[PDB]
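Colleague: Next up, final_39.cif (mmCIF, C-alpha atoms and all ligand atoms).
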```cif
data_work
loop_
_atom_site.label_atom_id
_atom_site.label_comp_id
_atom_site.auth_asym_id
_atom_site.auth_seq_id
_atom_site.Cartn_x
_atom_site.Cartn_y
_atom_site.Cartn_z
CA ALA W 20 -158.48 -0.88 -8.34
CA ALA W 21 -156.76 2.31 -7.21
CA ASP W 22 -153.76 0.22 -6.12
CA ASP W 23 -153.57 -1.32 -9.60
CA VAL W 24 -151.74 0.43 -12.43
CA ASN W 25 -154.30 2.75 -14.03
CA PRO W 26 -154.00 5.28 -16.86
CA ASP W 27 -151.74 8.24 -15.97
CA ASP W 28 -150.43 6.36 -12.89
CA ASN W 29 -146.88 6.58 -14.31
CA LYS W 30 -147.39 10.03 -15.87
CA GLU W 31 -144.92 11.86 -13.65
CA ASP W 32 -142.29 9.13 -13.96
CA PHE W 33 -142.70 9.45 -17.74
CA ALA W 34 -142.02 13.20 -17.74
CA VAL W 35 -138.61 12.53 -16.18
CA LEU W 36 -137.92 9.66 -18.59
CA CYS W 37 -138.98 11.80 -21.56
CA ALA W 38 -136.39 14.40 -20.55
CA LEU W 39 -133.74 11.67 -20.50
CA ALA W 40 -134.83 10.11 -23.79
CA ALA W 41 -134.45 13.54 -25.44
CA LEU W 42 -130.69 13.09 -24.99
CA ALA W 43 -130.72 10.68 -27.95
CA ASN W 44 -129.22 11.77 -31.28
CA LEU W 45 -128.26 15.01 -29.57
CA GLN W 46 -126.61 17.81 -31.56
CA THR W 47 -125.06 20.07 -28.92
CA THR W 48 -122.17 22.49 -28.78
CA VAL W 49 -119.62 21.90 -26.02
CA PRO W 50 -117.62 24.57 -24.13
CA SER W 51 -114.67 25.43 -26.35
CA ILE W 52 -111.10 25.64 -25.12
CA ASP W 53 -109.89 29.02 -26.40
CA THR W 54 -106.54 28.01 -27.91
CA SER W 55 -105.84 31.33 -29.64
CA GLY W 56 -103.15 31.87 -27.01
CA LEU W 57 -101.17 28.98 -28.47
CA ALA W 58 -100.79 30.86 -31.76
CA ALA W 59 -99.80 34.04 -29.89
CA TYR W 60 -97.06 32.09 -28.12
CA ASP W 61 -95.95 30.56 -31.43
CA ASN W 62 -95.70 34.11 -32.79
CA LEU W 63 -93.51 35.04 -29.81
CA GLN W 64 -91.32 32.00 -30.46
CA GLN W 65 -90.96 33.05 -34.09
CA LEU W 66 -89.94 36.58 -33.10
CA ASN W 67 -87.36 35.15 -30.69
CA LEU W 68 -85.93 32.83 -33.34
CA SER W 69 -85.98 35.58 -35.97
CA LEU W 70 -83.83 37.70 -33.64
CA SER W 71 -81.40 34.84 -32.96
CA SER W 72 -77.86 34.35 -34.20
CA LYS W 73 -76.90 32.53 -37.38
CA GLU W 74 -75.33 29.82 -35.22
CA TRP W 75 -78.62 29.25 -33.37
CA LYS W 76 -80.75 29.41 -36.52
CA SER W 77 -78.51 26.82 -38.20
CA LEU W 78 -79.59 24.22 -35.63
CA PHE W 79 -82.99 23.94 -37.34
CA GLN W 91 -83.99 15.70 -31.99
CA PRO W 92 -81.55 18.24 -30.49
CA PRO W 93 -77.95 18.05 -31.74
CA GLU W 94 -75.13 16.11 -30.13
CA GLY W 95 -74.42 17.48 -26.66
CA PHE W 96 -77.99 18.57 -25.90
CA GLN W 97 -80.00 15.42 -26.68
CA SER W 98 -80.37 14.77 -22.94
CA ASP W 99 -80.74 18.41 -21.86
CA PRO W 100 -84.27 18.58 -20.39
CA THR W 101 -84.92 22.13 -21.59
CA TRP W 102 -83.86 21.31 -25.15
CA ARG W 103 -85.91 18.10 -25.10
CA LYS W 104 -88.89 20.19 -23.95
CA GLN W 105 -88.44 23.09 -26.37
CA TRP W 106 -87.22 21.26 -29.47
CA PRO W 107 -90.72 20.68 -30.96
CA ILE W 108 -91.70 24.29 -30.23
CA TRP W 109 -88.50 25.62 -31.81
CA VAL W 110 -88.84 23.32 -34.82
CA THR W 111 -92.40 24.51 -35.41
CA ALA W 112 -91.30 28.15 -35.15
CA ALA W 113 -88.50 27.54 -37.65
CA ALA W 114 -90.86 25.79 -40.07
CA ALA W 115 -93.40 28.62 -39.88
CA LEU W 116 -90.68 31.22 -40.46
CA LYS W 117 -89.65 29.53 -43.72
CA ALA W 118 -92.97 30.62 -45.26
CA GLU W 119 -92.84 33.36 -47.89
CA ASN W 120 -92.82 36.83 -46.28
CA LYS W 121 -93.47 35.37 -42.81
CA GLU W 122 -90.28 36.59 -41.13
CA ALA W 123 -90.69 40.08 -42.60
CA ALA W 124 -94.20 40.28 -41.14
CA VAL W 125 -92.97 39.06 -37.75
CA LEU W 126 -90.24 41.70 -37.64
CA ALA W 127 -92.54 44.47 -38.91
CA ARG W 128 -95.16 43.74 -36.24
CA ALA W 129 -92.38 44.09 -33.65
CA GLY W 130 -90.98 47.32 -35.09
CA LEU W 131 -87.70 45.58 -35.92
CA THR W 132 -87.71 45.86 -39.72
CA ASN W 133 -84.17 46.76 -40.79
CA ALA W 134 -83.26 46.90 -37.11
CA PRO W 135 -79.55 47.36 -36.30
CA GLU W 136 -77.71 44.33 -34.97
CA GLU W 137 -77.39 45.87 -31.49
CA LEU W 138 -81.14 46.49 -31.34
CA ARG W 139 -82.00 42.98 -32.53
CA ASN W 140 -79.82 41.60 -29.74
CA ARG W 141 -81.17 43.84 -26.97
CA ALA W 142 -84.72 43.06 -28.12
CA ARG W 143 -84.15 39.30 -27.98
CA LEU W 144 -82.68 39.60 -24.47
CA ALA W 145 -85.66 41.74 -23.42
CA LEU W 146 -87.95 38.86 -24.38
CA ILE W 147 -86.27 36.49 -21.89
CA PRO W 148 -88.47 37.32 -18.85
CA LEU W 149 -91.51 37.82 -21.10
CA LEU W 150 -91.14 34.34 -22.56
CA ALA W 151 -90.41 32.81 -19.15
CA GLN W 152 -93.68 34.27 -17.85
CA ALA W 153 -95.64 33.10 -20.90
CA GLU W 154 -94.18 29.59 -20.91
CA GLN W 155 -96.14 28.40 -17.86
CA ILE W 156 -99.35 30.02 -19.14
CA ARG W 157 -98.94 28.37 -22.54
CA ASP W 158 -98.05 25.01 -20.97
CA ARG W 159 -101.23 25.14 -18.87
CA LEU W 160 -103.33 25.99 -21.94
CA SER W 161 -101.80 23.08 -23.86
CA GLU W 162 -102.49 20.77 -20.91
CA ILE W 163 -106.11 21.95 -20.86
CA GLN W 164 -106.41 21.26 -24.58
CA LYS W 165 -105.11 17.72 -24.18
CA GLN W 166 -107.17 16.98 -21.07
CA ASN W 167 -110.47 17.91 -22.76
CA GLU W 168 -109.75 16.71 -26.30
CA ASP W 169 -112.25 13.83 -25.96
CA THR W 170 -115.09 16.09 -24.76
CA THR W 171 -116.67 16.59 -28.19
CA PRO W 172 -120.24 16.77 -29.54
CA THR W 173 -119.64 13.46 -31.32
CA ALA W 174 -118.34 11.58 -28.28
CA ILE W 175 -121.13 13.02 -26.11
CA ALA W 176 -123.77 12.02 -28.67
CA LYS W 177 -122.42 8.47 -28.87
CA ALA W 178 -122.38 8.08 -25.09
CA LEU W 179 -125.90 9.48 -24.75
CA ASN W 180 -127.16 7.19 -27.53
CA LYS W 181 -125.61 4.29 -25.63
CA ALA W 182 -127.54 5.55 -22.59
CA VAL W 183 -130.89 5.94 -24.34
CA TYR W 184 -130.88 3.23 -27.00
CA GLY W 185 -127.84 1.07 -26.28
CA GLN W 186 -126.39 2.00 -29.68
CA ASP W 187 -122.84 3.40 -29.77
CA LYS W 188 -123.43 5.74 -32.69
CA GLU W 189 -123.49 9.49 -33.18
CA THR W 190 -126.81 9.68 -35.03
CA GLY W 191 -129.55 7.47 -36.37
CA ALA W 192 -130.06 5.72 -33.03
CA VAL W 193 -133.48 4.05 -32.89
CA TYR W 194 -135.38 1.65 -30.67
CA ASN W 195 -134.17 -1.95 -31.06
CA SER W 196 -134.80 -4.48 -28.29
CA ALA W 197 -131.53 -6.22 -29.15
CA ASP W 198 -129.72 -3.06 -28.00
CA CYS W 199 -132.19 -1.48 -25.58
CA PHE W 200 -132.32 -4.64 -23.46
CA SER W 201 -128.97 -6.21 -22.57
CA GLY W 202 -128.83 -9.32 -24.72
CA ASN W 203 -132.35 -8.57 -26.02
CA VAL W 204 -135.52 -9.19 -24.02
CA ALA W 205 -135.63 -12.00 -21.47
CA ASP W 206 -137.97 -14.99 -21.39
CA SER W 207 -140.49 -12.92 -19.41
CA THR W 208 -141.35 -9.26 -18.92
CA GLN W 209 -140.60 -9.73 -15.21
CA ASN W 210 -137.03 -10.73 -16.04
CA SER W 211 -136.67 -8.13 -18.81
CA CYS W 212 -137.66 -5.30 -16.44
CA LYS W 213 -134.82 -5.83 -13.98
CA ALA W 214 -131.63 -3.80 -13.66
CA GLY W 215 -128.66 -3.73 -11.32
CA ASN W 216 -128.50 -7.48 -10.63
CA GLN W 217 -126.43 -10.21 -12.29
CA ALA W 218 -128.93 -10.85 -15.10
CA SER W 219 -129.39 -7.12 -15.63
CA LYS W 220 -131.57 -6.36 -18.64
CA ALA W 221 -133.26 -2.92 -18.49
CA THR W 222 -129.99 -1.09 -19.01
CA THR W 223 -131.08 1.82 -21.25
CA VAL W 224 -133.55 4.68 -20.90
CA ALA W 225 -135.62 3.15 -23.71
CA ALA W 226 -135.88 -0.20 -21.92
CA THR W 227 -136.93 1.72 -18.81
CA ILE W 228 -139.69 3.47 -20.77
CA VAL W 229 -140.84 0.17 -22.26
CA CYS W 230 -140.96 -1.39 -18.80
CA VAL W 231 -142.71 1.60 -17.22
CA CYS W 232 -145.18 2.33 -20.04
CA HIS W 233 -145.79 -0.66 -22.32
CA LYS W 234 -149.18 -2.15 -23.14
CA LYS W 235 -148.91 -5.92 -22.87
CA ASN W 236 -151.07 -8.10 -25.05
CA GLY W 237 -153.53 -10.63 -23.65
CA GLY W 238 -155.68 -8.19 -21.70
CA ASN W 239 -155.15 -7.22 -18.07
CA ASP W 240 -152.73 -4.57 -19.36
CA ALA W 241 -152.02 -1.11 -18.00
CA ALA W 242 -152.31 0.80 -21.28
CA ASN W 243 -151.83 4.58 -21.04
CA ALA W 244 -150.15 4.33 -17.64
CA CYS W 245 -147.65 6.92 -18.91
CA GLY W 246 -150.30 9.22 -20.34
CA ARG W 247 -153.81 9.24 -21.77
CA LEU W 248 -152.66 10.92 -24.99
CA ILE W 249 -150.57 7.90 -26.01
CA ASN W 250 -152.22 6.09 -28.93
CA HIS W 251 -151.32 2.47 -28.20
CA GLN W 252 -152.13 1.33 -31.74
CA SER W 253 -150.81 -2.16 -31.01
CA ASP W 254 -149.09 -3.63 -27.96
CA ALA W 255 -145.71 -4.92 -26.84
CA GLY W 256 -146.79 -8.51 -27.52
CA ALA W 257 -146.34 -11.27 -24.98
CA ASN W 258 -143.24 -10.78 -22.83
CA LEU W 259 -142.17 -7.72 -24.84
CA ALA W 260 -141.73 -9.82 -27.99
CA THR W 261 -142.88 -6.88 -30.14
CA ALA W 262 -142.12 -3.94 -27.85
CA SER W 263 -140.76 -1.78 -30.68
CA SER W 264 -144.12 -0.89 -32.23
CA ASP W 265 -145.57 -0.02 -28.81
CA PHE W 266 -142.48 2.00 -27.89
CA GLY W 267 -142.91 4.07 -31.05
CA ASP W 268 -146.39 5.03 -29.87
CA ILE W 269 -145.21 5.89 -26.34
CA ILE W 270 -142.24 7.98 -27.47
CA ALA W 271 -144.36 9.81 -30.07
CA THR W 272 -145.87 11.80 -27.18
CA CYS W 273 -142.47 13.03 -25.91
CA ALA W 274 -141.07 16.35 -27.14
CA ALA W 275 -138.56 17.22 -24.42
CA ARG W 276 -135.58 19.38 -25.37
CA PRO W 277 -132.49 19.71 -23.13
CA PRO W 278 -130.87 23.12 -22.63
CA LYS W 279 -128.31 24.13 -25.26
CA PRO W 280 -125.34 23.86 -24.82
CA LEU W 281 -125.82 20.75 -22.73
CA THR W 282 -124.50 21.29 -19.21
CA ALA W 283 -123.34 19.01 -16.42
CA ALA W 284 -125.80 20.68 -14.05
CA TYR W 285 -128.74 19.74 -16.27
CA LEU W 286 -127.63 16.11 -16.57
CA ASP W 287 -126.88 15.94 -12.84
CA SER W 288 -130.33 17.30 -11.97
CA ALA W 289 -132.01 14.83 -14.34
CA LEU W 290 -130.22 11.92 -12.66
CA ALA W 291 -130.95 13.30 -9.19
CA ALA W 292 -134.63 13.58 -10.13
CA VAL W 293 -134.78 9.90 -11.10
CA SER W 294 -132.94 8.92 -7.92
CA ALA W 295 -135.54 10.85 -5.91
CA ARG W 296 -138.39 8.88 -7.55
CA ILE W 297 -137.05 5.35 -6.96
CA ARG W 298 -138.97 3.70 -4.12
CA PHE W 299 -137.76 0.80 -2.00
CA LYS W 300 -139.92 -2.15 -0.99
CA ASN W 301 -139.17 -5.75 -0.01
CA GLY W 302 -135.43 -5.40 -0.59
CA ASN W 303 -135.66 -3.93 -4.10
CA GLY W 304 -136.02 -0.50 -5.66
CA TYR W 305 -138.73 0.35 -8.18
CA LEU W 306 -139.26 3.00 -10.83
CA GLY W 307 -142.90 3.07 -11.85
CA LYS W 308 -145.94 1.73 -10.05
CA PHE W 309 -145.40 -1.63 -8.35
CA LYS W 310 -148.19 -3.53 -6.60
CA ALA W 311 -147.19 -7.18 -6.32
CA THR W 312 -145.16 -10.08 -7.70
CA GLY W 313 -143.10 -8.29 -10.32
CA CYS W 314 -142.85 -5.72 -13.09
CA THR W 315 -144.83 -7.93 -15.46
CA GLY W 316 -146.85 -5.34 -17.38
CA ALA W 317 -150.09 -6.55 -15.77
CA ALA W 318 -152.16 -3.85 -14.09
CA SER W 319 -152.54 -5.99 -10.94
CA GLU W 320 -148.79 -6.59 -10.56
CA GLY W 321 -146.65 -3.73 -11.86
CA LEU W 322 -145.57 -1.51 -14.75
CA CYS W 323 -142.05 -0.75 -13.53
CA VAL W 324 -138.37 -1.51 -13.48
CA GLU W 325 -137.29 -3.64 -10.50
CA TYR W 326 -133.81 -2.58 -9.34
CA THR W 327 -133.14 -5.96 -7.80
CA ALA W 328 -131.51 -5.85 -4.35
CA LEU W 329 -131.14 -2.06 -4.57
CA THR W 330 -131.36 -0.40 -1.15
CA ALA W 331 -130.63 3.09 0.15
CA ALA W 332 -127.24 1.89 1.42
CA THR W 333 -126.34 0.32 -1.96
CA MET W 334 -127.62 3.26 -4.04
CA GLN W 335 -124.14 3.56 -5.56
CA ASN W 336 -125.05 0.48 -7.62
CA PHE W 337 -127.78 2.46 -9.38
CA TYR W 338 -125.03 4.69 -10.80
CA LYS W 339 -123.26 1.60 -12.20
CA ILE W 340 -126.24 0.71 -14.42
CA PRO W 341 -125.06 1.37 -18.01
CA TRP W 342 -127.40 4.24 -18.91
CA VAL W 343 -126.81 5.94 -15.56
CA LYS W 344 -123.04 5.48 -15.89
CA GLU W 345 -122.99 6.82 -19.45
CA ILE W 346 -124.87 9.99 -18.50
CA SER W 347 -122.70 10.39 -15.39
CA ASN W 348 -119.58 10.08 -17.54
CA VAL W 349 -120.84 12.80 -19.88
CA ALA W 350 -121.69 15.03 -16.92
CA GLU W 351 -118.26 14.59 -15.33
CA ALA W 352 -116.54 15.38 -18.63
CA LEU W 353 -118.68 18.47 -19.21
CA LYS W 354 -118.07 19.51 -15.60
CA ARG W 355 -114.31 19.64 -16.25
CA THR W 356 -114.58 21.22 -19.70
CA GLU W 357 -116.90 23.98 -18.47
CA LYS W 358 -114.30 25.09 -15.92
CA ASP W 359 -111.32 24.55 -18.25
CA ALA W 360 -113.06 26.53 -21.01
CA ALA W 361 -113.53 29.52 -18.69
CA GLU W 362 -109.88 29.22 -17.65
CA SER W 363 -108.68 28.99 -21.26
CA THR W 364 -110.39 32.28 -22.12
CA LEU W 365 -108.16 34.19 -19.67
CA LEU W 366 -105.02 32.20 -20.52
CA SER W 367 -105.41 33.02 -24.21
CA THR W 368 -106.06 36.71 -23.51
CA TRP W 369 -102.89 36.91 -21.40
CA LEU W 370 -100.82 35.21 -24.11
CA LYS W 371 -102.12 37.57 -26.80
CA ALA W 372 -101.20 40.39 -24.41
CA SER W 373 -97.72 38.90 -24.04
CA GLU W 374 -97.42 38.94 -27.84
CA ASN W 375 -98.37 42.61 -27.91
CA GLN W 376 -95.85 43.33 -25.15
CA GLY W 377 -93.12 41.60 -27.14
CA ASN W 378 -93.98 43.67 -30.20
CA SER W 379 -93.38 46.81 -28.09
CA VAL W 380 -89.93 46.22 -26.58
CA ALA W 381 -88.16 47.60 -29.67
CA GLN W 382 -89.79 51.02 -29.25
CA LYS W 383 -88.54 51.16 -25.65
CA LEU W 384 -85.02 50.03 -26.55
CA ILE W 385 -84.79 52.50 -29.44
CA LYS W 386 -85.80 55.40 -27.18
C1 LIG Z 1 -85.03 32.35 -27.68
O1 LIG Z 1 -83.96 32.12 -28.57
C2 LIG Z 1 -82.72 31.88 -27.89
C3 LIG Z 1 -81.65 31.78 -28.96
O2 LIG Z 1 -81.31 33.06 -29.49
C4 LIG Z 1 -82.81 30.63 -27.03
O3 LIG Z 1 -81.63 30.64 -26.24
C5 LIG Z 1 -81.04 29.36 -25.99
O4 LIG Z 1 -81.76 28.71 -24.97
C6 LIG Z 1 -81.23 27.43 -24.61
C7 LIG Z 1 -82.20 26.83 -23.62
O5 LIG Z 1 -82.24 27.59 -22.42
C8 LIG Z 1 -79.83 27.61 -24.03
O6 LIG Z 1 -79.31 26.32 -23.71
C9 LIG Z 1 -78.27 26.44 -22.73
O7 LIG Z 1 -77.03 26.23 -23.35
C10 LIG Z 1 -75.90 26.26 -22.46
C11 LIG Z 1 -74.67 26.19 -23.35
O8 LIG Z 1 -74.73 27.30 -24.20
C12 LIG Z 1 -73.76 27.16 -25.25
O9 LIG Z 1 -74.27 26.37 -26.32
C13 LIG Z 1 -75.47 26.87 -26.92
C14 LIG Z 1 -75.85 25.91 -28.06
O10 LIG Z 1 -74.75 25.86 -28.96
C15 LIG Z 1 -75.25 28.30 -27.46
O11 LIG Z 1 -76.50 28.81 -27.94
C16 LIG Z 1 -74.69 29.20 -26.36
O12 LIG Z 1 -74.42 30.50 -26.88
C17 LIG Z 1 -73.44 28.58 -25.74
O13 LIG Z 1 -72.46 28.54 -26.77
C18 LIG Z 1 -76.01 25.13 -21.49
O14 LIG Z 1 -74.93 25.17 -20.58
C19 LIG Z 1 -77.34 25.28 -20.73
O15 LIG Z 1 -77.46 24.21 -19.84
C20 LIG Z 1 -77.90 24.67 -18.56
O16 LIG Z 1 -79.28 24.60 -18.50
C21 LIG Z 1 -79.83 23.26 -18.75
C22 LIG Z 1 -81.33 23.37 -18.68
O17 LIG Z 1 -81.83 22.06 -18.56
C23 LIG Z 1 -79.23 22.27 -17.74
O18 LIG Z 1 -79.63 20.94 -17.92
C24 LIG Z 1 -77.66 22.33 -17.89
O19 LIG Z 1 -77.04 21.36 -17.16
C25 LIG Z 1 -77.26 23.74 -17.53
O20 LIG Z 1 -77.81 23.92 -16.24
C26 LIG Z 1 -77.22 22.99 -15.32
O21 LIG Z 1 -75.88 23.33 -15.17
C27 LIG Z 1 -75.71 24.71 -14.88
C28 LIG Z 1 -74.23 24.97 -14.82
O22 LIG Z 1 -73.73 25.07 -16.15
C29 LIG Z 1 -76.42 25.04 -13.55
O23 LIG Z 1 -76.38 26.46 -13.37
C30 LIG Z 1 -77.89 24.56 -13.55
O24 LIG Z 1 -78.47 24.75 -12.27
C31 LIG Z 1 -77.95 23.10 -13.98
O25 LIG Z 1 -77.31 22.33 -12.97
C32 LIG Z 1 -78.53 25.37 -21.66
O26 LIG Z 1 -78.71 24.11 -22.28
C33 LIG Z 1 -78.95 28.31 -25.06
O27 LIG Z 1 -77.68 28.60 -24.48
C34 LIG Z 1 -79.60 29.61 -25.52
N1 LIG Z 1 -78.82 30.21 -26.59
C35 LIG Z 1 -78.55 31.52 -26.67
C36 LIG Z 1 -77.73 31.96 -27.84
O28 LIG Z 1 -78.96 32.31 -25.82
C37 LIG Z 1 -84.03 30.67 -26.12
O29 LIG Z 1 -84.26 29.37 -25.58
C38 LIG Z 1 -85.29 31.10 -26.87
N2 LIG Z 1 -86.39 31.33 -25.94
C39 LIG Z 1 -87.40 30.47 -25.76
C40 LIG Z 1 -88.42 30.88 -24.75
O30 LIG Z 1 -87.48 29.42 -26.38
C1 LIG Z 2 -155.78 -7.80 -11.37
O1 LIG Z 2 -156.21 -8.04 -10.03
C2 LIG Z 2 -156.63 -6.85 -9.37
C3 LIG Z 2 -157.00 -7.18 -7.93
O2 LIG Z 2 -155.89 -7.81 -7.27
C4 LIG Z 2 -157.82 -6.23 -10.10
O3 LIG Z 2 -158.12 -4.95 -9.53
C5 LIG Z 2 -157.54 -6.06 -11.59
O4 LIG Z 2 -158.76 -5.70 -12.26
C6 LIG Z 2 -156.96 -7.34 -12.19
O5 LIG Z 2 -156.58 -7.08 -13.55
#
```
Could you quickly redo this structure as C-alpha cells?
Modeller:
Amino acid sequence: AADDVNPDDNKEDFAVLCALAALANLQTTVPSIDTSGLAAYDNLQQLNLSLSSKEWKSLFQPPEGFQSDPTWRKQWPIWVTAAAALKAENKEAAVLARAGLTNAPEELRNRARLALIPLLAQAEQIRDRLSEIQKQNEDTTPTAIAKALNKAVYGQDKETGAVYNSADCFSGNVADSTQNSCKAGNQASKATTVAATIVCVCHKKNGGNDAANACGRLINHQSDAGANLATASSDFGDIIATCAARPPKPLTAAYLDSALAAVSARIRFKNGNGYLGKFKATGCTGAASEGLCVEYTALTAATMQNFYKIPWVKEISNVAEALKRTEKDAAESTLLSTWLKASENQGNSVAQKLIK
C-alpha cells in the first residue's frame, strides 16, 4: 500500500500550503512612500509667493487670459494651496524668518525671489516625480493587501475575520463529488483558494478507506469532512490547527514569489493533468487508493501560465507585483524627499548671500 495515500504522504506539500495559509488575516506594514518632500516643496512655494508682488498675490481656475496657459493650469492648484496655507496666523512671518527675510528691504525681497527661479525649476521635476510615485502606489496598503490575501486563502474579500466557509473556499460551494470539488483551472473550476487546496490535499473522508493524517500525524482528525466534503469545515479546523507559519514582516514580493515558485515546483504532471498532493488513480476523491490531491485539469508544462490564472494564485501574484513596485518606489521616494528638504534649506539661504 506504499502507492496508496498513507499518513505523512502529503506532509511536505502541507508545509508549503501552511506557509500560504498564514497569509490570511495578515497585519503587515508596507513600504512607505516618504512624502515629506512634498511639504518641503510647499514651503518653497509659500516663500516664493510671500516674496511676490501685490499684483501677483491678488490673483489668489486661473484668471481670464491664462485659463488655457499650460503652466498656469499646472501650477494653479499648487499656488492656491500655498496661498491658503499662508493665510494662517503667523505662517508668513515664520516662512520669512526661516529664510532670513524678516523685515527685508524691497530690493532684497525681489532679488531673493528671482534667485529661487532655478532652484524651483530644479525641484519641480523632483516633486512631480514624488507626487507621481504617491499616486501610483496609493492602493498598495495593508488593508488592500489583507483583503486580497484573504480572497486567496479563504475566498472572502475582507480585511479581517476571514474563516473557513465552503461556500467561499470552493467556487460556488462544494461540487456533487469530492473528485469534482478538487479540480482547478478548468471550466468547472472549484478548488480556487488555498483553503480548498488544503481540504483537498489533507481531508479525512467519512465512510472508511480514507487517508487521514496524510498531511501530518499530529493532526487530530476529531471528525471527518463527511461524504463529498459535505462537512469539510470541522475537519479543516483540525488540519489548520497544526499550522503556525508566519511570513516575514514586512511582507515582501520576494517572499510571495518564492512561495508561489515552491508550489509550482511541486506540481506533477500525469495523464494530461497536473496534481498537487499524492495521486494514484481515478481522481482526487479523498480515498487512499485513488488520491488526496487537487487535479489541475488539462494543466501541462506548456500551459503552466493557466496555473497563475487560478484565483488564489492570481491574488497572491497581484499582491507581489504591487509590493514589487512599491518596494522600489519607496526607496526612490526616500532620496527624492531628502533632496527636496535640501532644496528648502538652500532657498532659506539665498538671502544671506544676496545681503553679503
Ligand atoms: C514664483 O512666484 C512668481 C510670482 O512672483 C511666479 O511667476 C509667474 O510665473 C508665471 C508662470 O511661469 C508667469 O506666467 C507668464 O506670464 C507671461 C505674461 O506675464 C505678464 O502677466 C503676468 C500675470 O499678470 C505677470 O505676472 C507678469 O509680470 C506680466 O505682466 C506670459 O507671457 C507667459 O507665457 C509664456 O509661457 C507660457 C508657459 O506655458 C506659454 O504658454 C506662453 O505662450 C508664453 O510662452 C509662449 O510664448 C512665448 C512668447 O511670449 C515663447 O517664448 C514660448 O516659447 C511659448 O511659445 C507666462 O504665462 C508669470 O509671468 C510670473 N510672474 C512674475 C511676476 O514673475 C512663479 O511662477 C513662481 N514660481 C513657481 C515655481 O511657482
Ligand atoms: C484501496 O485499494 C488499494 C489497492 O488498490 C489498497 O491498498 C487500499 O487498502 C484500498 O483502500
Colleague: Kindly indicate which residue among W:287, W:23, W:325, W:320 lies nearest to residue 300 of chain W, using only C-alpha atoms for the distances.
Modeller: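 Going through W:287, W:23, W:325, W:320 one by one, the smallest distance to residue 300 of chain W is for W:325.
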Colleague: List the spatial neighbours of residue 223 of chain W as a PyMOL selection string - criterion: any atom at most 8 Å away, only C-alpha atoms, same-chain residues fewer than 5 positions off excluded.
Modeller: chain W and resi 181-185+199-200+341-342
Colleague: Filtering to C-alpha atoms, could you give me those residues as an mmCIF file, in the frame of the given file?
Modeller:
```cif
data_model
loop_
_atom_site.group_PDB
_atom_site.id
_atom_site.type_symbol
_atom_site.label_atom_id
_atom_site.label_comp_id
_atom_site.auth_asym_id
_atom_site.auth_seq_id
_atom_site.Cartn_x
_atom_site.Cartn_y
_atom_site.Cartn_z
ATOM 1 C CA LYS W 181 -125.610 4.290 -25.630
ATOM 2 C CA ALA W 182 -127.540 5.550 -22.590
ATOM 3 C CA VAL W 183 -130.890 5.940 -24.340
ATOM 4 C CA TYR W 184 -130.880 3.230 -27.000
ATOM 5 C CA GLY W 185 -127.840 1.070 -26.280
ATOM 6 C CA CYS W 199 -132.190 -1.480 -25.580
ATOM 7 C CA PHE W 200 -132.320 -4.640 -23.460
ATOM 8 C CA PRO W 341 -125.060 1.370 -18.010
ATOM 9 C CA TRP W 342 -127.400 4.240 -18.910
#
```
Colleague: Using 8 Å of padding on each side, determine the axis-aligned box around all atoms of segment 159-166 of chain W present in the file and give its centre and edge lengths in Å to one decimal, as JSON.
Modeller:
```
{"center_x": -104.2, "center_y": 21.5, "center_z": -21.7, "size_x": 21.9, "size_y": 25.0, "size_z": 21.7}
```
Colleague: I need the residue nearest ligand LIG 2 (chain Z) from this list: W:376, W:25, W:382, W:294. Use all atoms listed in the file for the distance.
Modeller: W:25
Colleague: Pick the closest to residue 354 of chain W from W:49, W:114, W:160, W:334: which is it, counting all atoms listed in the file?
Modeller: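 Once distances to residue 354 of chain W are computed over all atoms listed in the file, the minimum belongs to W:49.
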Colleague: Would you mind listing the residues within 12 Å of ligand LIG 2 (chain Z), counting all atoms listed in the file, as a list in words?
Modeller: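 Checked against 12 Å with all atoms listed in the file; the hits are residues 20, 21, 22, 23, 24, 25, 237, 238, 239, 240, 241, 242, 310, 311, 312, 315, 316, 317, 318, 319, 320 and 321 of chain W.
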Colleague: Output C-alpha atoms for every residue in the selection just made, as an mmCIF file, in the frame of the given file.
Modeller:
```
data_model
loop_
_atom_site.group_PDB
_atom_site.id
_atom_site.type_symbol
_atom_site.label_atom_id
_atom_site.label_comp_id
_atom_site.auth_asym_id
_atom_site.auth_seq_id
_atom_site.Cartn_x
_atom_site.Cartn_y
_atom_site.Cartn_z
ATOM 1 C CA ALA W 20 -158.480 -0.880 -8.340
ATOM 2 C CA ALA W 21 -156.760 2.310 -7.210
ATOM 3 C CA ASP W 22 -153.760 0.220 -6.120
ATOM 4 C CA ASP W 23 -153.570 -1.320 -9.600
ATOM 5 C CA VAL W 24 -151.740 0.430 -12.430
ATOM 6 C CA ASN W 25 -154.300 2.750 -14.030
ATOM 7 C CA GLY W 237 -153.530 -10.630 -23.650
ATOM 8 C CA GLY W 238 -155.680 -8.190 -21.700
ATOM 9 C CA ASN W 239 -155.150 -7.220 -18.070
ATOM 10 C CA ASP W 240 -152.730 -4.570 -19.360
ATOM 11 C CA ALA W 241 -152.020 -1.110 -18.000
ATOM 12 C CA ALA W 242 -152.310 0.800 -21.280
ATOM 13 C CA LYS W 310 -148.190 -3.530 -6.600
ATOM 14 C CA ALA W 311 -147.190 -7.180 -6.320
ATOM 15 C CA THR W 312 -145.160 -10.080 -7.700
ATOM 16 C CA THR W 315 -144.830 -7.930 -15.460
ATOM 17 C CA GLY W 316 -146.850 -5.340 -17.380
ATOM 18 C CA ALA W 317 -150.090 -6.550 -15.770
ATOM 19 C CA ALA W 318 -152.160 -3.850 -14.090
ATOM 20 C CA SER W 319 -152.540 -5.990 -10.940
ATOM 21 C CA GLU W 320 -148.790 -6.590 -10.560
ATOM 22 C CA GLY W 321 -146.650 -3.730 -11.860
#
```
